[PDB]
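K.L.:
Have a look at the structure that comes next, please.
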Ligand SMILES: [Ca+2]
Ligand SMILES: [K+]
Ligand SMILES: [K+]
Ligand SMILES: [K+]
Ligand SMILES: [K+]
Ligand SMILES: [K+]
Ligand SMILES: [Mg+2]
Ligand SMILES: [Mg+2]
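Protein chains in written order, with PDB author numbering: chain C, 14 to 44, 79 to 124, 134 to 426; chain D, 214 to 561, 567 to 621.
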């Protein structure tokens, strides 16, 4: 029954501000403190002031609290605790919306920025909810998109130090925020039912069934234990298929690539209480190591407990990794180079018995090798 | 003539080919399933809508295959088999090529919107996370006096993620644009008609320094062809290439056009250590912004050295209290009272005099050159009171209330 009142509250608040901006632009086309305010608000939202650094943290955390209130409203079922706290958070988001409005260079491109729509589709409906005594579930899920600010927060802080960690956190949080958002959108359409059929054609899916069904479809598994049946939910599933198969099929391999590109022979040589060790470096390969070890560890030598510690800037090939495992009790291998003082400390070379520097006897040029 | 470029041609071909084949195949399945099969006297049939067929073809060509809808006539099933063999290839090749074309778009296009009374500096040439971070931490350093200068990077490339993070940390005072100083349209975008200066950074670690110098000389030629009177500061790797830009028709050191020749400077700092051992270190530390900051792990010789590294070169107007002192008296005053080391003065055309003898007086409004920990420390020499208002010499108390 009442849904159009909540929807109208977002459309009139969007449209009226857009009209005011167009009128103001045409008036000043035909016919200082504000720059200090712009740059102050800019330093706030950029996290350059301490008050900014906070405000940004509070906007993030309260957006998560608002999202969790939406999950509770979606897993359940104006005098209620949930409508009260989510209204309080909406008032806080409205203050932050004005701070971005001040900070922005162009008011028109600001009034069409993505988070301005998240605000239009949430603050006005949250006022209407208490006014009409009706906790409408509505577009509130869109707050999940505020998760997508995490790479900016972790960049306004110096914590996200490397290009691969930046790319990793961007991929994961982009995926999760879009998946949570699209699940809320399908949940709205299927539980609404279609307007062309007077909302009679509808399904009572939970949010969690929609979240599962979107994972099952974007992976292209498509069990069909759950499926959309409204014409809006089916046209949404068609649009979702054209977009999110591309996302899943590109994101999951790039996550697997970043998680695969990790040093497996990092860490440090733990010097045993009374044993000697020899560091070995330079040309380290299955051919050099096998010929070295079969002479060094040969049974015709007297029995002496010397550990061999290979140090090399590379991953072992599978043949060498097998050979290292056959000598596990007396041979150890570390990623690194004798050119770094940190790697020399790892191999514990202060208290090695000797260091052996092996040469590539079959290099293209012996002076570069020497 | 509207579809102007090869990628827009390919884009519109892919989209409309896909949509027309998908709409056509949906009509074909709708005919077969609602017809029913002729072998069974049309008794085996389904009353699908066209829209259910259009949906079912999308659900099958994407390989999702819910099976909420499926074909049941032998003709509709053999059509679905033929459709699967053809359209899986189309979907799996078209959707990535659409995503590629939509991805290959300039993200740092657009134009510098010149704020009403702020200055800006254009920066170009070798722009990378390594060059930009080292540049910005000296340019925006807190030991300099507070001035609102915007930095506008112009470069023919997309920022790496490290540089894009650095640009976002300086969002209030640093902006970046895709483009080259070789294009008059890009020079207009960066608004270089009303920039304060243009800085042309060099790749000091290029495979060949003459190709790098030739590129940077062409950039100055381009910048000054667009507007002669912009101050250009350029980094050069070789001294003999400096002759080429001295011969540009519109290059003028009297406007402050300036070629920072890395080889000229490097070897002259080294020559100075041949005359006064270690002076290369004294003088090189003096020309980058650093602030002292002890640590408990630091040995006492390192604390002395590091306290010295915290000082750099500054310029200020000497206060009226210095007028008609000899230079030695002004230097004694600055040191013994103000804790400031006065090296030199710009004598009124004008000429720079370093440690001049008793024969020169300080004029009115003389620029002096100082060594100090920060610009805000040197401002004591400008605020320095009449002797009546600065007898106490607890130097933090020197301030603009001199009268
Ligand atoms: Ca300093
Ligand atoms: K599949
Ligand atoms: K499937
Ligand atoms: K399936
Ligand atoms: K199925
Ligand atoms: K099924
Ligand atoms: Mg061991
Ligand atoms: Mg600006």
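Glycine is no exception: its CB is placed at the ideal position from the N, C-alpha and C atoms.
Residue 390(C): buried (16+ other C-beta within 10 angstroms of its C-beta) or exposed?
P.N.:
Buried, by the Cβ-count rule.
K.L.:
Buried or exposed for residue 368(C), going by 16 or more other Cβ atoms inside 10 Å?
P.N.:
Buried, since its Cβ has 16 or more Cβ neighbours within 10 Å.
K.L.:
Between the Cα of residue 201(C) and the Cα atoms of 412(C), 167(C), 220(C) and 111(C), which residue gives the shortest distance?
P.N.:
Residue 111(C) is the option with its Cα nearest to residue 201(C).
K.L.:
With distances taken from CA atoms, which of 577(D), 592(D), 279(D) and 550(D) is nearest residue 615(D)?
P.N.:
Answer by Cα proximity: 550(D).
K.L.:
My output table needs one value for residue 471(D): the three-state DSSP class, helix, strand or coil.
P.N.:
Three-state DSSP puts residue 471(D) in a strand.
K.L.:
Starting from the beta carbon of residue 90(C), find every residue of chain D whose beta carbon is closer than 7 Å, and list them in chain order.
P.N.:
Those within 7 Å of residue 90(C) in chain D are 385.
K.L.:
Taking Cβ to Cβ, would you say residue 570(D) is nearer than 8 Å to residue 589(D)?
P.N.:
No. Outside cutoff.
K.L.:
Can you name the residues of chain C whose CB is closer than 7 Å to the CB of residue 374(D)?
P.N.:
The contacting residues are 219, 222 and 223.
K.L.:
Would you check if the region 355–366 of chain D and the region 282–294 of chain D touch, i.e. whether three or more CB-CB distances between them fall below 8 Å?
P.N.:
Too few Cβ pairs lie closer than 8 Å, so no.
K.L.:
Skipping 5 residues on each side, what residues in its chain have a beta carbon closer than 7 Å to that of residue 322(D)?
P.N.:
Around residue 322(D): 391.
K.L.:
Check whether the Cβ of residue 279(C) sits closer than 7 Å to any heavy atom of ligand 5, and report yes or no.
P.N.:
Yes, the Cβ of residue 279(C) comes within 7 Å of a heavy atom of ligand 5.
K.L.:
On the DSSP bridge assignment, give the partners of residue 167(C) in chain order.
P.N.:
In the DSSP output, where bridge partners are listed per residue, residue 167(C) has none listed.
K.L.:
Tell me whether residue 371(C) sits in a helix, a strand or coil according to DSSP, three-state version.
P.N.:
Note: residue 371(C) maps to coil in three-state DSSP.
K.L.:
How is the alpha helix (DSSP H) around residue 394(D) delimited, first residue to last?
P.N.:
Element bounds for residue 394(D): n/a, residue is neither H nor E.
K.L.:
Could you pull out every unbroken alpha helix (DSSP H) segment of at least 4 residues lying fully inside the region 273–317 of chain D, listed in chain order?
P.N.:
With a minimum length of 4 residues, the continuous alpha helix (DSSP H) runs that stay inside the region 273–317 of chain D are 287–316.
K.L.:
Span of the beta strand (DSSP E) holding residue 529(D)?
P.N.:
Here the beta strand (DSSP E) through residue 529(D) covers 525–530.
K.L.:
Do residue 401(D) and residue 363(D) have their C-beta atoms within less than 8 Å of each other?
P.N.:
No, these two residues do not count as a Cβ contact at 8 Å.
K.L.:
Alpha carbon to alpha carbon, how far is residue 274(D) from residue 252(D)? Give it in angstroms, no decimals.
P.N.:
Their Cα atoms are separated by approximately 28 Å.
K.L.:
Between residue 257(C) and the rest of its own chain, which residues show a CB-CB distance below 8 Å, the 5 nearest in sequence each way excluded?
P.N.:
Here the set comprises 249, 250, 285, 286 and 287.
K.L.:
For a contact meaning CB atoms closer than 8 Å, what does residue 150(C) contact in chain D?
P.N.:
Under the 8 Å cutoff, chain D gives no residues; its nearest Cβ is about 23 Å from residue 150(C).
K.L.:
Please classify residue 508(D): does DSSP put it in a helix, a strand, or coil?
P.N.:
Here residue 508(D) sits in coil by DSSP.
K.L.:
Can you pull the chain D residues whose beta carbon is under 9 Å from the beta carbon of residue 66(C), in chain order?
P.N.:
Residue 66(C) cannot be placed in this structure, since chain C goes from 44 to 79 without the numbers between.
K.L.:
Can a CB atom of chain D be found closer than 8 Å to the CB of residue 155(C)?
P.N.:
Chain D, which has no Cβ nearer than 8 Å to the Cβ of residue 155(C), makes this no.
K.L.:
Just reading off the beta strand (DSSP E) that residue 223(D) is part of, what are its end residues?
P.N.:
Per DSSP, residue 223(D) belongs to no beta strand (DSSP E); it is in the alpha helix (DSSP H), 219–248.
K.L.:
Residue 199(C): buried (16+ other C-beta within 10 angstroms of its C-beta) or exposed?
P.N.:
Burial call: buried.
K.L.:
In whole angstroms, give me the CA-to-CA distance for residue 478(D) and residue 458(D).
P.N.:
For residue 478(D) and residue 458(D), the distance between alpha carbons rounds to 17 Å.
K.L.:
Could you check what DSSP says for residue 178(C) in three-state terms: helix, strand or coil?
P.N.:
Of the three classes helix, strand and coil, the one that applies to residue 178(C) here is coil, per DSSP.
K.L.:
Ligand 2 and residue 273(C): does any heavy atom of the ligand fall closer than 7 Å to the residue's C-beta?
P.N.:
Not under cutoff, so the answer is no.
K.L.:
Between the beta-carbon of residue 179(C) and the beta-carbon of residue 149(C), is there less than 8 Å?
P.N.:
Yes, Cβ-Cβ distance for residue 179(C) and residue 149(C) is below 8 Å.
K.L.:
Within 10 Å of its beta-carbon, does residue 247(C) have 16 or more other beta-carbons around it, so buried, or fewer, so exposed?
P.N.:
Counting Cβ neighbours within 10 Å, residue 247(C) comes out buried, since at least 16 surround it.
K.L.:
Flag this pair as touching only if the region 584–601 of chain D and the region 509–528 of chain D have three or more C-beta atom pairs under 8 Å; answer yes or no.
P.N.:
Short answer: they touch.
K.L.:
Looking at C-beta atoms only, is the number of pairs between the region 336–343 of chain C and the region 394–413 of chain C that lie closer than 8 Å three or more?
P.N.:
Verdict: yes, contact present.
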